[PDB]
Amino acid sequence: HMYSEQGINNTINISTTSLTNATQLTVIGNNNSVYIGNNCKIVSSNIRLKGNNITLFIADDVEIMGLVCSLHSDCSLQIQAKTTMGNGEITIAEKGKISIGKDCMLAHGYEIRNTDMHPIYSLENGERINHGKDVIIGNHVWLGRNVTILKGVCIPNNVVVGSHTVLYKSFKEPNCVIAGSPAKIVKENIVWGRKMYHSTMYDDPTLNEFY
């Protein structure tokens, strides 16, 4: 695996069983850490760590195609095992963190960020009022196409976010579909799978952990 470093005390640990074809990984700064686990396919992506003390953690069996990712100083991106991601954008700044859980499915066109990238202040006392806020995406979350996840949003486990939805606020209820304008729970007590089965979840051995 080839990449560009400018700086020192960086640790780039990419498993020999993983593939990174057509991916550019650039590390500019010091004390940054990259971990890519076994049997990953991180393809046609552009990942830029610019700053110090940055952490990128990608667990085993993760498949990414066409991610554009920018991390700044003291920021963390963690993506857990068996997650798949199509084309999309992740930006982290303001020393923040974004976490994506196990076996998520992120469809084409996601935009996920913990930051507005410019400050907004109160006229009453001058104080900044739009500080960055971490994003937490739970286990087994499916983002439909063209979903935008903004700062501070926490998504519960086993959730479907409907295509073309923008989330500004966190939710607490697991096992639901969230969609609409504004985003709201539109269906409760569900589970999603990858492979289209015509009739029943019991036909899909991969889903036993949810019921």
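Take the two forms, find the largest set of C-alpha atoms that superpose within 1.5 Å, and that set is the rigid core. One rule holds for the numbers: they count along the sequence shown, beginning at 1.
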Checklist outcome for this item: RMS over structures and residues, CA atoms, rigid core fit in 4 other deposited structures of this protein: 195 to 203 vs 11 to 19, larger is 195 to 203
Checklist entry - Looking at C-alpha RMS in 4 other deposited structures of this protein with the core superposed, is it 108 to 116 or 124 to 132 that drifts more? => result 124 to 132
Item to check | Between the two ranges 63 to 71 and 176 to 184, the one averaging a larger CA B factor in the entry | outcome: 176 to 184
Checklist entry - What stretch has the higher average Cα B-factor here, 1 to 9 or 202 to 210? => result 202 to 210
Checklist outcome for this item: For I100, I129, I92, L106, the deposited C-alpha B-factor is largest at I129
Item to check | Highest recorded Cα temperature factor - choice among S45, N158, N30, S163 | outcome: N158
Checklist entry - In terms of the chain's CA B-factor thirds, is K151 lowest, middle or highest? => result lowest
Next on the checklist: Among the modelled residues of this chain, does the Cα B factor of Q24 put it in the lowest, middle or highest third?
Outcome noted: highest
Next on the checklist: For the chain shown, is the CA B-factor of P119 in the lowest, middle or highest third of its modelled residues?
Outcome noted: middle
Next on the checklist: Using the temperature factors of the C-alpha atoms in this entry, rank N125 within its chain: lowest, middle or highest third.
Outcome noted: middle
Checklist outcome for this item: The third of the chain into which the C-alpha temperature factor of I36 falls is the highest
